[PDB]
$ cat protein_13.pdb   # PDB, C-alpha atoms
MODEL        1
ATOM      1  CA  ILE J   1     -31.109 174.900 186.064  1.00  0.00           C
ATOM      2  CA  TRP J   2     -32.400 175.933 182.641  1.00  0.00           C
ATOM      3  CA  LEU J   3     -36.033 176.329 183.640  1.00  0.00           C
ATOM      4  CA  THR J   4     -34.756 178.303 186.622  1.00  0.00           C
ATOM      5  CA  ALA J   5     -32.588 180.570 184.536  1.00  0.00           C
ATOM      6  CA  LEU J   6     -35.700 181.271 182.489  1.00  0.00           C
ATOM      7  CA  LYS J   7     -37.091 182.801 185.642  1.00  0.00           C
ATOM      8  CA  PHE J   8     -34.048 184.944 186.147  1.00  0.00           C
ATOM      9  CA  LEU J   9     -33.965 185.669 182.450  1.00  0.00           C
ATOM     10  CA  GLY J  10     -37.652 186.211 182.978  1.00  0.00           C
ATOM     11  CA  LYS J  11     -36.680 188.613 185.762  1.00  0.00           C
ATOM     12  CA  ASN J  12     -34.486 190.055 183.088  1.00  0.00           C
ATOM     13  CA  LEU J  13     -37.436 189.577 180.738  1.00  0.00           C
ATOM     14  CA  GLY J  14     -39.946 191.487 182.819  1.00  0.00           C
ATOM     15  CA  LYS J  15     -37.407 193.968 184.147  1.00  0.00           C
ATOM     16  CA  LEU J  16     -37.350 194.668 180.452  1.00  0.00           C
ATOM     17  CA  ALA J  17     -41.126 194.664 180.237  1.00  0.00           C
ATOM     18  CA  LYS J  18     -40.763 197.586 182.589  1.00  0.00           C
ATOM     19  CA  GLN J  19     -38.346 199.368 180.276  1.00  0.00           C
ATOM     20  CA  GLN J  20     -41.197 199.015 177.815  1.00  0.00           C
ATOM     21  CA  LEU J  21     -43.735 200.405 180.279  1.00  0.00           C
ATOM     22  CA  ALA J  22     -41.578 203.254 181.564  1.00  0.00           C
ATOM     23  CA  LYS J  23     -41.200 204.468 177.986  1.00  0.00           C
ATOM     24  CA  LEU J  24     -44.885 203.885 177.269  1.00  0.00           C
TER      25      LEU J  24
ENDMDL
END
$ encode --input "protein_13.pdb" --output "structure tokens"
Amino acid sequence: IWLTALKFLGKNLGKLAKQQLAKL
């Protein structure tokens, strides 16, 4: 479930993208 995890990690990835936005 590596490609899947990438989605979660992506969830973690974007959730982060938000941390970037919030600050922006």
$ atom_distance --input "protein_13.pdb" --atom1 "CA of residue 22 in chain J" --atom2 "CA of residue 4 in chain J"
26.4 Å
$ atom_distance --input "protein_13.pdb" --atom1 "CA of residue 1 in chain J" --atom2 "CA of residue 20 in chain J"
27.4 Å
$ atom_distance --input "protein_13.pdb" --atom1 "CA of residue 3 in chain J" --atom2 "CA of residue 18 in chain J"
21.8 Å
